[PDB]
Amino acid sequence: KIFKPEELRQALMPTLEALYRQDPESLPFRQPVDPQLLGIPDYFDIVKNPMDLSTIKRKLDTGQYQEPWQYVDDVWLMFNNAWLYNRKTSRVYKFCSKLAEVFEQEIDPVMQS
């Protein structure tokens, strides 16, 4: 499959928008994790490949995703990072799990079409 980056933007962006609409659950994911602001100086040791919603949006706007799985891989990276770093009892871990449930529902049909 050859992929049109504006046709992929139009197909994929509503799945990203689905994640942004979740409030409060998307709030920690809207900008890059800032370890200084959050007081978590080991974050970049543990999380080698950070990702967040703003980064995925800018990637999709600059035509960075040659094919849709690369996009799906970034969304999962963002989730896996938050699950790796955070305790299971934490607000952000539980928000991650909600976002992942939303994403799975949204992306399923879109990757079909």
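The term rigid core refers to the maximal set of C-alpha atoms that superpose within 1.5 Å between the two forms. Residue numbers here begin at 1 and follow the sequence given.
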Greatest C-alpha divergence in 7 other deposited structures of this protein once each structure is fitted on the rigid core, 77-85 or 34-42:
34-42
Going by the B-factors listed in the PDB entry, is the mean over the C-alpha atoms higher for 32-40 or for 63-71?
63-71
Avg C-alpha B-factor, entry values, 81-89 vs 53-61, higher side is 53-61
Cα B factor band for residue 19 (lowest, middle or highest third within the chain):
middle
Taking only the Cα B-factors deposited for this chain, tell me whether residue 9 sits in the lowest, middle or highest third.
highest
